[PDB]
**Q** 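So that we are looking at the same thing, I have put the structure below in structure tokens.
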Amino acid sequence: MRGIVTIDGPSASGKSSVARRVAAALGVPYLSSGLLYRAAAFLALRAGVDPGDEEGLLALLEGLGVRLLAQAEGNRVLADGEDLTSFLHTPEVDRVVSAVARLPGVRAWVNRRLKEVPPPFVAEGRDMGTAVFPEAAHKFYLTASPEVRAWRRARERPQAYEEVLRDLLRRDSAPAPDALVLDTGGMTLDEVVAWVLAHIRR
Ligand SMILES: Nc1ccn([C@@H]2O[C@H](COP(=O)(O)OP(=O)(O)O)[C@@H](O)[C@H]2O)c(=O)n1
């Protein structure tokens with residue numbers, strides 16, 4: 001459209017699929033901020049560094065020129081020209097990404113890469129409408145119960161719901177004050193896409 005749409009929410013709340021669909025429907029890119037955090041975690045694991053060493057990790061990230069490629073069928077992340085995406089939506093990354101996402105310098109690094117992109121676009125994450133694009137014209141926040149979130153994530157991991165839920169509960173972004181809050185347990189994600197688009201297009 002003109003400017004920026006943010007779609008935030010907890011893990012497996014549906015924000016990823018909804019941002020991709022909304023963006024395609026508006027003919028603009030979507031940016032998955034979490035794919036950059038997943039990349040930072042995956043690189044730190046493979047590099048064999050201590051992720052508590054922020055300086056070394058940033059040198060690694062800054063050095064391999066890690067970049068987000070927004071494609072309409074899905075974002076990709078390249079490191080030194082290698083597409084890392086197929087290694088990022090895995091149990092090992094899910095389990096360690098919080099260690100790196102809490103590092104202030106990692107968040108600054110992800111946010112710099114996001115702020116590089118010219119609007120319009122749809123950006124999805126935890127704090128897109130609060131920390132990174134508080135000026136966004138259209139903000140949405142998708143809530144979901146832990147059960148609904150676990151059930152969804154289990155669909156895409158070797159683990160079953162019982163295990164995913166336990167994991168999610170131990171793992172457990174407030175909404176922006178101006179975000180439309182929608183509970184994806186009560187609306188289907190197809191209904192959510194429609195509803196978010198009706199709002200943006202008003
Ligand atoms: N704006 C963001 C996005 C992701 N993250 C971290 O990156 C991880 C992966 O995000 P993701 O969007 O790819 O996956 P989900 O856990 O959100 O389903 C999150 O679980 C966050 O721990 C973050 O801290 N802030």
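For the single chain, residues carry numbers from 1 onward in sequence order. Both backbone and side-chain heavy atoms feed into the values below; hydrogens, waters and symmetry mates do not. All ligand and atom numbering here is 1-based and tracks the order in the structure.
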**Q** Give the atom numbers and elements of ligand 1 that come within less than 4.0 Å of a heavy atom of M128.
**A**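 Counting atoms of ligand 1 from 1, those under 4.0 Å from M128 are 1 (N).
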**Q** Would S17 and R152 count as a side-chain hydrogen bond (donor to acceptor under 3.5 Å, both in side chains) here? Give the steps.
**A** CA-CA 12 Å; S17 295; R152 296 171 174 170; over 6 Å; no
**Q** Backbone or side chain, does any N or O of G125 fall under 3.5 Å from an N or O of ligand 1?
**A**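 No.
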**Q** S13 and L142: which non-hydrogen atoms are nearest, and at how many Å?
**A**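 Closest heavy-atom pair between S13 and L142: CB-O, 3.5 Å.
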**Q** Only one of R149, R171, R153 passes side-chain hydrogen bond (donor to acceptor under 3.5 Å, both in side chains) with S11; say which it is.
**A**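 Among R149, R171, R153, the one that satisfies the side-chain hydrogen bond (donor to acceptor under 3.5 Å, both in side chains) with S11 is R149.
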**Q** Examine the side chains of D190 and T188 and answer whether a donor and an acceptor come within less than 3.5 Å of each other.
**A**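 Side-chain D/A pair, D190 to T188: absent.
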**Q** Just wondering, are more than 12 heavy atoms of other shown residues or ligands nearer than 6.0 Å to CZ in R102?
**A**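 No, not enclosed.
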**Q** Taking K139 for the side chain and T130 for the main chain, is one N or O donor matched with an acceptor at less than 3.5 Å?
**A**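 Judged by distance alone, no pair lies under 3.5 Å.
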**Q** Among all protein non-hydrogen atoms, which one is nearest to atom 18 (O) of ligand 1, and what is the separation to 0.1 Å?
**A**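 The protein heavy atom lying closest is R153 NH2, 2.9 Å.
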**Q** Is it the case that the side chains of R201 and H138 hold a donor-acceptor pair, with the cut-off being a distance below 3.5 Å and no angle test?
**A**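 Distance-only check fails for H138 and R201.
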**Q** Starting from atom 13 (O) of ligand 1, what is the nearest protein heavy atom, named by residue and atom, and what distance separates them?
**A**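 Nearest neighbour among protein heavy atoms for atom 13 (O) of ligand 1, to 0.1 Å: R38 NE, 2.9 Å.
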**Q** Measure the distance from atom 3 (C) of ligand 1 to every protein heavy atom, then report the residue, atom name and distance (to 0.1 Å) of the closest one.
**A**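 Protein heavy atom at minimum distance: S33 OG, 3.4 Å.
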**Q** Identify the protein heavy atom lying closest to atom 7 (O) of ligand 1, giving its residue, its atom name and the separation to 0.1 Å.
**A**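 Among all protein heavy atoms, the one nearest atom 7 (O) of ligand 1 is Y37 CB, 3.3 Å.
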**Q** Taking a cutoff of less than 4.0 Å between a non-hydrogen atom of the residue and any ligand atom, is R107 in contact with ligand 1?
**A**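 Yes; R107 lies near enough to ligand 1 that a heavy-atom distance drops under 4.0 Å.
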**Q** Classify the contact between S11 and ligand 1 as side chain, backbone, both or neither, using a heavy-atom distance cut-off of under 4.0 Å.
**A**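 For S11, the contact with ligand 1 is made by both the backbone and the side chain.
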**Q** Side chain of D8, backbone of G129: donor and acceptor closer than 3.5 Å?
**A**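 Flag set: sc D8 to bb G129 pair under 3.5 Å.
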**Q** State plainly whether the residues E162 and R166 are in salt-bridge range, i.e. N to O under 4.0 Å.
**A**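 Judged by the 4.0 Å cut-off on N to carboxylate O distance, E162 and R166 do form a salt bridge.
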**Q** Within ligand 1, which atoms have a heavy atom of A12 less than 4.0 Å away?
**A**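 Ligand 1 atoms under the 4.0 Å threshold to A12: 18 (O).
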**Q** Which residue and non-hydrogen atom of the protein lie closest to atom 12 (O) of ligand 1, and at what distance in Å?
**A**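 Among all protein heavy atoms, the one nearest atom 12 (O) of ligand 1 is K15 NZ, 2.8 Å.
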**Q** Among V97, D8, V132, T130, which one puts a heavy atom closest to atom 8 (C) of ligand 1?
**A**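 The residue whose heavy atom sits nearest atom 8 (C) of ligand 1 is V97.
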**Q** For atom 22 (O) of ligand 1, what's the nearest protein heavy atom and its distance?
**A**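 Going atom by atom, the protein heavy atom closest to atom 22 (O) of ligand 1 ends up being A101 CB, 4.0 Å.
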**Q** State plainly whether the residues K115 and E135 are in salt-bridge range, i.e. N to O under 4.0 Å.
**A**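 Result for this pair is no, no salt bridge flagged.
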**Q** Closer than 4.0 Å to some heavy atom of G34 - which atoms of ligand 1 meet that?
**A**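 Here the atoms of ligand 1 in question are 3 (C), 4 (C), 10 (O), 11 (P), 12 (O), 13 (O).
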**Q** Is there at least one pair of N or O atoms, one from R126 and one from ligand 1, spaced under 3.5 Å apart?
**A**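 In this structure, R126 places an N or O atom under 3.5 Å from an N or O of ligand 1.
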**Q** Using non-hydrogen atoms of the residue, decide whether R102 is closer than 4.0 angstrom to ligand 1.
**A**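 The answer is no, since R102 has no heavy atom less than 4.0 Å from ligand 1.
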